[PDB]
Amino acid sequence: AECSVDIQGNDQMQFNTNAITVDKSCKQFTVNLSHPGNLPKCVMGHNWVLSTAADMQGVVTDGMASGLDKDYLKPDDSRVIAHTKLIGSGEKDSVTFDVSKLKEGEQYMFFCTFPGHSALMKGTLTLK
């Protein structure tokens, strides 16, 4: 099975998918993030961040408070399983993580931590 997914974050503050399925036969999984919009990072920046459903709110809250210079993520946040950098218009970034970090049955969420975006930019990730 394939072990990567291409995701886009646009100016309408949205991801082009709300669900990701990671096949258990994958050893590593790659997420390619691109920003096909025209707005800069400081105004419409997006990142793809993965945590358990329970940790999401905490990550989003501390991230918001951390500021743009920290890509809106609290430094040394052990709750973040994987994440891309915060990108703006015309940029792209990829993150590859070990699937062994995921456990079956557990609920995972991916989201953007730029202030307010997680309201719409979020989705589930499942290991099947």
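We number the residues from 1 along the sequence you see.
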Highest mean C-alpha temperature factor of the two stretches 114-122 and 101-109, which is it?
101-109
Would you mind comparing 32-40 and 45-53 for me and telling me which has the higher average C-alpha temperature factor in the entry?
32-40
Within-chain third of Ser66 by Cα B-factor, per the entry:
highest
Modelled-residue ranking by C-alpha temperature factor, third containing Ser89
highest
